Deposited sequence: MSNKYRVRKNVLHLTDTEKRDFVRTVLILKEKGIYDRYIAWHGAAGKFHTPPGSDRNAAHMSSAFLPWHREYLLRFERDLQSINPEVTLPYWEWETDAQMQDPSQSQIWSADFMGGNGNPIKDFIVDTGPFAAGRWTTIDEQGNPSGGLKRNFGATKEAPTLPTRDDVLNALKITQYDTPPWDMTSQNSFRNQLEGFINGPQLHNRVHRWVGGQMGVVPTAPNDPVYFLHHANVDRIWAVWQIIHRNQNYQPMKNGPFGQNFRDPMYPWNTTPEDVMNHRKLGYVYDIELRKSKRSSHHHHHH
């Protein structure tokens, strides 16, 4: 309950510089590539084999997998600097902005800015610009150069709104059969963004574009963690207002006590975010 996760827009300047410097350090030590690789690995673990579902996305484990993901990331951040906690990007408020690209998340001292149309939309500002930050492709091989392109696609021209978010928190069930993209009246599938998609979570990914635009390369962009921090917050909220489903008979890897590949951690291990030792501000 001690580690406090803060709204990016509530961060002081040196809180932002310290977060940024820690990420780069994780990157120089080779630790950051473990999270890109883990996330890609999970995308290849289909439950059961052949199914649309994988360990991290498109099924019930989406939320607790990403909670465990961000939890391990935060610990590695803390091992470099015990004062660093993972912020969240509250995109529901940034959507209200005239030009959400002008949000202070995108400043030169934090995430850097939008892509540059001449340089194929390569990011050329901030600490993660090309030459200052290398990316890896789907194969684990060097791909060179972070890209972003806010709202370029017909499908996600806008960030999801607080209206969009308030409608997901109403859903009464965590998840429903058959625990996938078609799951109806499903908090998880609603938050993930496949109901009349792309919405919420999936919409943020398409709006940002670049590596963020395609799931297997998305964690190349450090804003991946800030986005998913916000998703984890929405879920923790839902866990106050209103457990987990399936408790059994889902495909292996999605049940309450199944390990989530590529870890041994179960959903049950992370149901209560407070017991994991962190809290979001406003809590």
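S.K.: Comparing the deposited sequence with the modelled residues, which stretches have no C-alpha coordinates?
M.R.: Gaps in the modelled chain, taken against the deposited sequence, lie at 1-3, 246-248, 290-303.
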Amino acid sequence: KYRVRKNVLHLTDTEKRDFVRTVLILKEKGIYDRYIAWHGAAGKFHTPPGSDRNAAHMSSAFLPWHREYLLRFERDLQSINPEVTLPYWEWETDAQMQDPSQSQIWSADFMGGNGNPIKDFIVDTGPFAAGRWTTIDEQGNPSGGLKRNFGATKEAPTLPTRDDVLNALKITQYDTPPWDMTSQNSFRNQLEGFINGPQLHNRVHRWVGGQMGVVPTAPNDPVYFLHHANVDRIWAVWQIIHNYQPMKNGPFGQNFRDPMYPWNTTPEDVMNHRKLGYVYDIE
From here on, numbers count along this sequence of modelled residues.
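S.K.: Of the two stretches 271-279 and 255-263, which shows the higher Cα B-factor on average in the entry?
M.R.: Comparing averages over the C-alpha atoms only gives 271-279.
S.K.: Hey, which bit's got the bigger mean C-alpha B factor in the entry, 93-101 or 122-130?
M.R.: Looking at the record's C-alpha B-factors, the answer is 93-101.
S.K.: Per the entry, which of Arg72, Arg148, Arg188, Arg162 tops the list for Cα B factor?
M.R.: The listed residue with the largest C-alpha B-factor is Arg162.
S.K.: So if I compare the CA B-factors in the entry for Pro177, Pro117, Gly193, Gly210, which one is the largest?
M.R.: Highest C-alpha B-factor among the listed residues goes to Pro117.
S.K.: Split into thirds by Cα B-factor across the chain's modelled residues, where does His57 land: lowest, middle or highest?
M.R.: Middle third by C-alpha B-factor.
S.K.: Quick check on the deposited entry: does the C-alpha B-factor of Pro157 sit in the lowest, middle or highest third of its chain?
M.R.: CA B-factor rank for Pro157: highest third.
S.K.: Going by the recorded CA B-factors, say which third of the chain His242 sits in, lowest, middle or highest.
M.R.: As the PDB entry reports it, the C-alpha B-factor of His242 lands in the highest third of its chain.
S.K.: For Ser51, does the deposited CA B-factor place it in the lowest, middle or highest third of the chain?
M.R.: It belongs to the middle third of the chain when residues are ordered by C-alpha B-factor.
S.K.: How does the C-alpha B factor of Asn249 compare with the rest of the chain: lowest, middle or highest third?
M.R.: Ranked within chain, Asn249 CA B lands in the highest tercile.
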